[PDB]
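J.: Sharing a structure with you now.
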Protein chains: 2
Amino acid sequence: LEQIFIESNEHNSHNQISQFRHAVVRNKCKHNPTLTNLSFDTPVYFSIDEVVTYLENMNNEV
Amino acid sequence: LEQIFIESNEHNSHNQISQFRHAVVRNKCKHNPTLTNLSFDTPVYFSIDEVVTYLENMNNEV
């Protein structure tokens with residue numbers, strides 16, 4: 001995932017990856033509610049455009 | 001600072017590090033009001049016990 005969607009030139013790459021994973025996990029959860037113990041590395045369906053929207057909102061926040 | 005206060009065998013690093021930085025920068029800006037454009041690496045006074053207080057408080061939130 002990271003090697004696809006990201007390049008680590010971001011000095012603050014930490015602060016980016018954190019939110020990336022947070023949003024991924026929440027999307028997994030709400031898209032598959034019957035289960036638990038979800039994690040970044042879990043193979044279940046989840047959306048992408050929603051993650052992007054989430055990040056936009058985070059970036060244009062007041 | 002990292003090599004001193006931290007070990008790298010924890011993947012929560014992507015969050016621990018960011019919060020540690022934020023706290024350090026805030027204390028720096030606090031004890032040195034006059035100046036600006038500060039950052040993590042600026043060589044100026046800053047207490048640390050207060051940083052530990054901050055981390056405890058944050059780890060015990062609800």
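By order in the structure tokens, chains are A, B, ...; within a chain, residues start at 1; ligands start at 1, following the order shown.
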Identify, with DSSP run on backbone atoms, the residues in chain B assigned to alpha helix (DSSP H), and express the list as a PyMOL selection string.

T.: chain B and resi 2-5+13-31+49-59

J.: Write the residues of the preceding selection, restricted to N, CA and C atoms, as a short mmCIF file (atom, residue, chain, number, x, y, z; two decimals), in the first residue's frame.

T.:
```cif
data_model
loop_
_atom_site.label_atom_id
_atom_site.label_comp_id
_atom_site.auth_asym_id
_atom_site.auth_seq_id
_atom_site.Cartn_x
_atom_site.Cartn_y
_atom_site.Cartn_z
N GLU B 2 16.30 11.63 19.27
CA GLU B 2 15.67 10.34 19.07
C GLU B 2 16.51 9.22 19.65
N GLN B 3 17.76 9.10 19.18
CA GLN B 3 18.63 8.03 19.64
C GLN B 3 18.75 8.00 21.16
N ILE B 4 18.59 9.15 21.81
CA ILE B 4 18.70 9.20 23.26
C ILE B 4 17.41 8.73 23.92
N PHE B 5 16.31 9.43 23.66
CA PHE B 5 15.10 9.27 24.45
C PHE B 5 14.22 8.12 24.00
N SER B 13 5.73 4.46 16.68
CA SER B 13 6.62 5.57 16.39
C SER B 13 5.92 6.62 15.53
N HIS B 14 5.26 6.19 14.46
CA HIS B 14 4.63 7.12 13.53
C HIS B 14 3.69 8.09 14.24
N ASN B 15 3.37 7.81 15.51
CA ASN B 15 2.54 8.68 16.33
C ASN B 15 3.31 9.23 17.53
N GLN B 16 4.04 8.35 18.23
CA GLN B 16 4.87 8.77 19.35
C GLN B 16 5.79 9.91 18.94
N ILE B 17 6.50 9.73 17.82
CA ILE B 17 7.45 10.73 17.34
C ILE B 17 6.74 12.05 17.12
N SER B 18 5.66 12.03 16.35
CA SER B 18 4.96 13.27 16.01
C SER B 18 4.53 14.01 17.27
N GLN B 19 3.99 13.29 18.24
CA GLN B 19 3.51 13.96 19.45
C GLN B 19 4.67 14.50 20.27
N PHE B 20 5.75 13.73 20.38
CA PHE B 20 6.95 14.19 21.05
C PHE B 20 7.44 15.50 20.44
N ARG B 21 7.54 15.53 19.11
CA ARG B 21 7.94 16.75 18.42
C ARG B 21 7.02 17.90 18.80
N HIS B 22 5.73 17.77 18.49
CA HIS B 22 4.75 18.81 18.81
C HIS B 22 4.98 19.38 20.21
N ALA B 23 5.11 18.50 21.20
CA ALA B 23 5.28 18.97 22.57
C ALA B 23 6.57 19.77 22.73
N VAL B 24 7.67 19.27 22.17
CA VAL B 24 8.94 19.98 22.27
C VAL B 24 8.82 21.37 21.67
N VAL B 25 8.24 21.44 20.47
CA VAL B 25 8.11 22.72 19.77
C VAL B 25 7.26 23.68 20.58
N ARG B 26 6.18 23.18 21.18
CA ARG B 26 5.33 24.05 21.98
C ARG B 26 6.07 24.61 23.18
N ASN B 27 6.81 23.76 23.89
CA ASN B 27 7.55 24.27 25.04
C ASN B 27 8.60 25.29 24.60
N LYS B 28 9.26 25.03 23.47
CA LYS B 28 10.23 25.99 22.94
C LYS B 28 9.57 27.34 22.69
N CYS B 29 8.48 27.34 21.92
CA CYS B 29 7.76 28.58 21.66
C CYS B 29 7.32 29.25 22.95
N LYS B 30 7.05 28.46 23.99
CA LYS B 30 6.58 29.02 25.24
C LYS B 30 7.69 29.79 25.95
N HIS B 31 8.80 29.11 26.25
CA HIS B 31 9.86 29.77 27.02
C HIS B 31 10.57 30.86 26.24
N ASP B 49 10.61 17.76 31.90
CA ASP B 49 9.64 17.25 32.86
C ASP B 49 8.23 17.66 32.47
N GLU B 50 8.09 18.89 31.97
CA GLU B 50 6.79 19.35 31.51
C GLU B 50 6.32 18.54 30.30
N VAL B 51 7.26 18.16 29.42
CA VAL B 51 6.90 17.31 28.29
C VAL B 51 6.38 15.97 28.79
N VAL B 52 7.02 15.42 29.82
CA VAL B 52 6.57 14.14 30.36
C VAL B 52 5.19 14.28 30.98
N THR B 53 4.96 15.39 31.69
CA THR B 53 3.63 15.68 32.21
C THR B 53 2.59 15.68 31.09
N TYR B 54 2.90 16.38 30.00
CA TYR B 54 2.00 16.44 28.86
C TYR B 54 1.68 15.04 28.34
N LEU B 55 2.72 14.23 28.14
CA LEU B 55 2.51 12.89 27.59
C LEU B 55 1.64 12.05 28.52
N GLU B 56 1.89 12.12 29.83
CA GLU B 56 1.04 11.40 30.77
C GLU B 56 -0.41 11.84 30.65
N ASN B 57 -0.65 13.14 30.79
CA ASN B 57 -2.01 13.67 30.65
C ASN B 57 -2.68 13.13 29.40
N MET B 58 -1.99 13.21 28.26
CA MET B 58 -2.60 12.76 27.01
C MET B 58 -2.87 11.26 27.02
N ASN B 59 -1.97 10.48 27.62
CA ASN B 59 -2.19 9.04 27.70
C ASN B 59 -3.31 8.68 28.66
#
```

J.: What does chain A look like once superposed on chain B, all Cα atoms paired in sequence order, least squares? Give it as a PDB file with N, CA and C atoms, in the first residue's frame.

T.:
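Now in selection_5.pdb:
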```pdb
ATOM      1  N   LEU A   1      18.455  13.689  19.764  1.00  0.00           N
ATOM      2  CA  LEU A   1      17.315  13.611  20.668  1.00  0.00           C
ATOM      3  C   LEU A   1      16.641  12.249  20.581  1.00  0.00           C
ATOM      4  N   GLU A   2      16.236  11.861  19.371  1.00  0.00           N
ATOM      5  CA  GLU A   2      15.544  10.589  19.202  1.00  0.00           C
ATOM      6  C   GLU A   2      16.421   9.421  19.630  1.00  0.00           C
ATOM      7  N   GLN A   3      17.698   9.433  19.242  1.00  0.00           N
ATOM      8  CA  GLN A   3      18.578   8.333  19.611  1.00  0.00           C
ATOM      9  C   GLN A   3      18.804   8.277  21.112  1.00  0.00           C
ATOM     10  N   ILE A   4      18.576   9.381  21.817  1.00  0.00           N
ATOM     11  CA  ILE A   4      18.697   9.366  23.269  1.00  0.00           C
ATOM     12  C   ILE A   4      17.430   8.819  23.907  1.00  0.00           C
ATOM     13  N   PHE A   5      16.307   9.470  23.645  1.00  0.00           N
ATOM     14  CA  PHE A   5      15.101   9.257  24.424  1.00  0.00           C
ATOM     15  C   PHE A   5      14.203   8.150  23.891  1.00  0.00           C
ATOM     16  N   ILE A   6      14.589   7.441  22.829  1.00  0.00           N
ATOM     17  CA  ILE A   6      13.647   6.589  22.115  1.00  0.00           C
ATOM     18  C   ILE A   6      14.356   5.380  21.517  1.00  0.00           C
ATOM     19  N   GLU A   7      13.574   4.324  21.289  1.00  0.00           N
ATOM     20  CA  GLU A   7      13.978   3.132  20.554  1.00  0.00           C
ATOM     21  C   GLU A   7      12.879   2.806  19.556  1.00  0.00           C
ATOM     22  N   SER A   8      13.261   2.565  18.303  1.00  0.00           N
ATOM     23  CA  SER A   8      12.302   2.508  17.207  1.00  0.00           C
ATOM     24  C   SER A   8      11.608   1.158  17.076  1.00  0.00           C
ATOM     25  N   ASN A   9      11.688   0.285  18.085  1.00  0.00           N
ATOM     26  CA  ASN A   9      10.898  -0.941  18.061  1.00  0.00           C
ATOM     27  C   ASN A   9       9.403  -0.665  17.989  1.00  0.00           C
ATOM     28  N   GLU A  10       8.984   0.564  18.270  1.00  0.00           N
ATOM     29  CA  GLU A  10       7.570   0.922  18.306  1.00  0.00           C
ATOM     30  C   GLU A  10       7.038   0.968  16.881  1.00  0.00           C
ATOM     31  N   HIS A  11       6.371  -0.113  16.465  1.00  0.00           N
ATOM     32  CA  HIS A  11       5.670  -0.130  15.184  1.00  0.00           C
ATOM     33  C   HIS A  11       4.981   1.202  14.913  1.00  0.00           C
ATOM     34  N   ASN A  12       4.300   1.745  15.922  1.00  0.00           N
ATOM     35  CA  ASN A  12       3.649   3.041  15.829  1.00  0.00           C
ATOM     36  C   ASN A  12       4.593   4.191  16.160  1.00  0.00           C
ATOM     37  N   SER A  13       5.906   3.961  16.070  1.00  0.00           N
ATOM     38  CA  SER A  13       6.884   5.001  16.378  1.00  0.00           C
ATOM     39  C   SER A  13       6.510   6.329  15.733  1.00  0.00           C
ATOM     40  N   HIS A  14       5.925   6.282  14.536  1.00  0.00           N
ATOM     41  CA  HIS A  14       5.454   7.499  13.885  1.00  0.00           C
ATOM     42  C   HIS A  14       4.553   8.296  14.821  1.00  0.00           C
ATOM     43  N   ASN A  15       3.510   7.637  15.331  1.00  0.00           N
ATOM     44  CA  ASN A  15       2.495   8.296  16.140  1.00  0.00           C
ATOM     45  C   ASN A  15       3.059   8.807  17.455  1.00  0.00           C
ATOM     46  N   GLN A  16       4.177   8.244  17.909  1.00  0.00           N
ATOM     47  CA  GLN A  16       4.831   8.716  19.122  1.00  0.00           C
ATOM     48  C   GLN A  16       5.673   9.948  18.830  1.00  0.00           C
ATOM     49  N   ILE A  17       6.566   9.821  17.850  1.00  0.00           N
ATOM     50  CA  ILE A  17       7.477  10.898  17.492  1.00  0.00           C
ATOM     51  C   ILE A  17       6.700  12.162  17.157  1.00  0.00           C
ATOM     52  N   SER A  18       5.561  12.014  16.480  1.00  0.00           N
ATOM     53  CA  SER A  18       4.750  13.177  16.138  1.00  0.00           C
ATOM     54  C   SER A  18       4.437  14.013  17.375  1.00  0.00           C
ATOM     55  N   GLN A  19       3.825  13.385  18.380  1.00  0.00           N
ATOM     56  CA  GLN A  19       3.435  14.112  19.582  1.00  0.00           C
ATOM     57  C   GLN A  19       4.656  14.608  20.341  1.00  0.00           C
ATOM     58  N   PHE A  20       5.709  13.794  20.392  1.00  0.00           N
ATOM     59  CA  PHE A  20       6.947  14.224  21.031  1.00  0.00           C
ATOM     60  C   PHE A  20       7.395  15.572  20.481  1.00  0.00           C
ATOM     61  N   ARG A  21       7.506  15.661  19.157  1.00  0.00           N
ATOM     62  CA  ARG A  21       7.980  16.886  18.525  1.00  0.00           C
ATOM     63  C   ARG A  21       6.998  18.031  18.733  1.00  0.00           C
ATOM     64  N   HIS A  22       5.698  17.752  18.616  1.00  0.00           N
ATOM     65  CA  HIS A  22       4.693  18.781  18.857  1.00  0.00           C
ATOM     66  C   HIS A  22       4.891  19.426  20.226  1.00  0.00           C
ATOM     67  N   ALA A  23       4.992  18.593  21.261  1.00  0.00           N
ATOM     68  CA  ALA A  23       5.122  19.108  22.617  1.00  0.00           C
ATOM     69  C   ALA A  23       6.430  19.864  22.792  1.00  0.00           C
ATOM     70  N   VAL A  24       7.525  19.306  22.274  1.00  0.00           N
ATOM     71  CA  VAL A  24       8.804  20.008  22.306  1.00  0.00           C
ATOM     72  C   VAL A  24       8.647  21.420  21.758  1.00  0.00           C
ATOM     73  N   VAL A  25       8.042  21.536  20.575  1.00  0.00           N
ATOM     74  CA  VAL A  25       7.941  22.835  19.916  1.00  0.00           C
ATOM     75  C   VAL A  25       7.116  23.801  20.750  1.00  0.00           C
ATOM     76  N   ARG A  26       5.982  23.341  21.279  1.00  0.00           N
ATOM     77  CA  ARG A  26       5.161  24.236  22.089  1.00  0.00           C
ATOM     78  C   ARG A  26       5.919  24.716  23.320  1.00  0.00           C
ATOM     79  N   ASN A  27       6.670  23.820  23.958  1.00  0.00           N
ATOM     80  CA  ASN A  27       7.420  24.223  25.140  1.00  0.00           C
ATOM     81  C   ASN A  27       8.484  25.249  24.777  1.00  0.00           C
ATOM     82  N   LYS A  28       9.202  25.021  23.675  1.00  0.00           N
ATOM     83  CA  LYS A  28      10.150  26.019  23.189  1.00  0.00           C
ATOM     84  C   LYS A  28       9.470  27.363  22.988  1.00  0.00           C
ATOM     85  N   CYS A  29       8.370  27.371  22.234  1.00  0.00           N
ATOM     86  CA  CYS A  29       7.647  28.608  21.962  1.00  0.00           C
ATOM     87  C   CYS A  29       7.356  29.365  23.248  1.00  0.00           C
ATOM     88  N   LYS A  30       6.623  28.735  24.169  1.00  0.00           N
ATOM     89  CA  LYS A  30       6.174  29.471  25.347  1.00  0.00           C
ATOM     90  C   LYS A  30       7.323  29.841  26.271  1.00  0.00           C
ATOM     91  N   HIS A  31       8.429  29.110  26.213  1.00  0.00           N
ATOM     92  CA  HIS A  31       9.598  29.436  27.012  1.00  0.00           C
ATOM     93  C   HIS A  31      10.457  30.526  26.380  1.00  0.00           C
ATOM     94  N   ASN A  32      10.222  30.842  25.109  1.00  0.00           N
ATOM     95  CA  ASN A  32      10.994  31.857  24.390  1.00  0.00           C
ATOM     96  C   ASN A  32      10.060  32.540  23.403  1.00  0.00           C
ATOM     97  N   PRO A  33       9.266  33.511  23.866  1.00  0.00           N
ATOM     98  CA  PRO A  33       8.198  34.048  23.009  1.00  0.00           C
ATOM     99  C   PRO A  33       8.640  35.105  22.011  1.00  0.00           C
ATOM    100  N   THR A  34       9.811  35.711  22.186  1.00  0.00           N
ATOM    101  CA  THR A  34      10.196  36.840  21.344  1.00  0.00           C
ATOM    102  C   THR A  34      10.522  36.442  19.910  1.00  0.00           C
ATOM    103  N   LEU A  35      10.676  35.157  19.620  1.00  0.00           N
ATOM    104  CA  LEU A  35      11.176  34.696  18.335  1.00  0.00           C
ATOM    105  C   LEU A  35      10.083  33.961  17.565  1.00  0.00           C
ATOM    106  N   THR A  36      10.434  33.530  16.354  1.00  0.00           N
ATOM    107  CA  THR A  36       9.515  32.839  15.458  1.00  0.00           C
ATOM    108  C   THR A  36      10.287  31.779  14.684  1.00  0.00           C
ATOM    109  N   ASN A  37       9.584  31.095  13.782  1.00  0.00           N
ATOM    110  CA  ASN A  37      10.199  30.101  12.904  1.00  0.00           C
ATOM    111  C   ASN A  37      10.919  29.026  13.711  1.00  0.00           C
ATOM    112  N   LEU A  38      10.342  28.666  14.853  1.00  0.00           N
ATOM    113  CA  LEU A  38      10.941  27.646  15.695  1.00  0.00           C
ATOM    114  C   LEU A  38      10.768  26.268  15.068  1.00  0.00           C
ATOM    115  N   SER A  39      11.646  25.350  15.464  1.00  0.00           N
ATOM    116  CA  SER A  39      11.639  24.012  14.897  1.00  0.00           C
ATOM    117  C   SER A  39      12.262  23.047  15.890  1.00  0.00           C
ATOM    118  N   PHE A  40      11.957  21.766  15.688  1.00  0.00           N
ATOM    119  CA  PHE A  40      12.520  20.699  16.506  1.00  0.00           C
ATOM    120  C   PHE A  40      14.013  20.891  16.740  1.00  0.00           C
ATOM    121  N   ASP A  41      14.749  21.211  15.680  1.00  0.00           N
ATOM    122  CA  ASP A  41      16.205  21.244  15.703  1.00  0.00           C
ATOM    123  C   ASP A  41      16.766  22.600  16.119  1.00  0.00           C
ATOM    124  N   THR A  42      15.993  23.414  16.843  1.00  0.00           N
ATOM    125  CA  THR A  42      16.484  24.747  17.167  1.00  0.00           C
ATOM    126  C   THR A  42      17.097  24.772  18.559  1.00  0.00           C
ATOM    127  N   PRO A  43      18.313  25.316  18.716  1.00  0.00           N
ATOM    128  CA  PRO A  43      19.019  25.325  20.013  1.00  0.00           C
ATOM    129  C   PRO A  43      18.631  26.478  20.934  1.00  0.00           C
ATOM    130  N   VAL A  44      17.522  26.306  21.651  1.00  0.00           N
ATOM    131  CA  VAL A  44      17.113  27.252  22.678  1.00  0.00           C
ATOM    132  C   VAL A  44      16.562  26.475  23.861  1.00  0.00           C
ATOM    133  N   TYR A  45      16.510  27.144  25.007  1.00  0.00           N
ATOM    134  CA  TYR A  45      16.122  26.462  26.228  1.00  0.00           C
ATOM    135  C   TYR A  45      14.680  25.984  26.138  1.00  0.00           C
ATOM    136  N   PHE A  46      14.389  24.921  26.877  1.00  0.00           N
ATOM    137  CA  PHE A  46      13.058  24.342  26.942  1.00  0.00           C
ATOM    138  C   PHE A  46      13.080  23.237  27.985  1.00  0.00           C
ATOM    139  N   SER A  47      11.915  22.957  28.557  1.00  0.00           N
ATOM    140  CA  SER A  47      11.834  22.046  29.684  1.00  0.00           C
ATOM    141  C   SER A  47      11.597  20.612  29.227  1.00  0.00           C
ATOM    142  N   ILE A  48      11.659  19.699  30.191  1.00  0.00           N
ATOM    143  CA  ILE A  48      11.550  18.270  29.925  1.00  0.00           C
ATOM    144  C   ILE A  48      10.436  17.675  30.783  1.00  0.00           C
ATOM    145  N   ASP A  49      10.504  17.915  32.094  1.00  0.00           N
ATOM    146  CA  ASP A  49       9.476  17.419  33.001  1.00  0.00           C
ATOM    147  C   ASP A  49       8.091  17.827  32.525  1.00  0.00           C
ATOM    148  N   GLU A  50       7.985  19.024  31.949  1.00  0.00           N
ATOM    149  CA  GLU A  50       6.709  19.486  31.426  1.00  0.00           C
ATOM    150  C   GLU A  50       6.257  18.626  30.256  1.00  0.00           C
ATOM    151  N   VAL A  51       7.188  18.265  29.373  1.00  0.00           N
ATOM    152  CA  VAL A  51       6.857  17.367  28.274  1.00  0.00           C
ATOM    153  C   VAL A  51       6.340  16.043  28.816  1.00  0.00           C
ATOM    154  N   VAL A  52       6.987  15.531  29.861  1.00  0.00           N
ATOM    155  CA  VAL A  52       6.586  14.241  30.411  1.00  0.00           C
ATOM    156  C   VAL A  52       5.184  14.331  31.000  1.00  0.00           C
ATOM    157  N   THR A  53       4.915  15.390  31.761  1.00  0.00           N
ATOM    158  CA  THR A  53       3.568  15.616  32.276  1.00  0.00           C
ATOM    159  C   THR A  53       2.549  15.654  31.145  1.00  0.00           C
ATOM    160  N   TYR A  54       2.858  16.412  30.092  1.00  0.00           N
ATOM    161  CA  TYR A  54       1.974  16.503  28.936  1.00  0.00           C
ATOM    162  C   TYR A  54       1.649  15.119  28.397  1.00  0.00           C
ATOM    163  N   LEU A  55       2.674  14.284  28.245  1.00  0.00           N
ATOM    164  CA  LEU A  55       2.452  12.956  27.685  1.00  0.00           C
ATOM    165  C   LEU A  55       1.628  12.088  28.627  1.00  0.00           C
ATOM    166  N   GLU A  56       1.862  12.200  29.935  1.00  0.00           N
ATOM    167  CA  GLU A  56       1.024  11.471  30.883  1.00  0.00           C
ATOM    168  C   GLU A  56      -0.438  11.846  30.702  1.00  0.00           C
ATOM    169  N   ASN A  57      -0.727  13.146  30.716  1.00  0.00           N
ATOM    170  CA  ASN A  57      -2.102  13.592  30.530  1.00  0.00           C
ATOM    171  C   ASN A  57      -2.682  13.060  29.230  1.00  0.00           C
ATOM    172  N   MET A  58      -1.906  13.111  28.148  1.00  0.00           N
ATOM    173  CA  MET A  58      -2.391  12.567  26.886  1.00  0.00           C
ATOM    174  C   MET A  58      -2.723  11.088  27.018  1.00  0.00           C
ATOM    175  N   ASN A  59      -1.951  10.356  27.821  1.00  0.00           N
ATOM    176  CA  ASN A  59      -2.155   8.918  27.921  1.00  0.00           C
ATOM    177  C   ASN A  59      -3.294   8.532  28.852  1.00  0.00           C
ATOM    178  N   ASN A  60      -3.647   9.382  29.811  1.00  0.00           N
ATOM    179  CA  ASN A  60      -4.733   9.100  30.744  1.00  0.00           C
ATOM    180  C   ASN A  60      -5.979   9.919  30.421  1.00  0.00           C
ATOM    181  N   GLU A  61      -6.256  10.118  29.138  1.00  0.00           N
ATOM    182  CA  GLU A  61      -7.307  11.024  28.697  1.00  0.00           C
ATOM    183  C   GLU A  61      -8.646  10.313  28.543  1.00  0.00           C
ATOM    184  N   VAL A  62      -9.721  11.085  28.718  1.00  0.00           N
ATOM    185  CA  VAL A  62     -11.087  10.613  28.526  1.00  0.00           C
ATOM    186  C   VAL A  62     -11.888  11.761  27.930  1.00  0.00           C
TER     187      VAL A  62
END
```
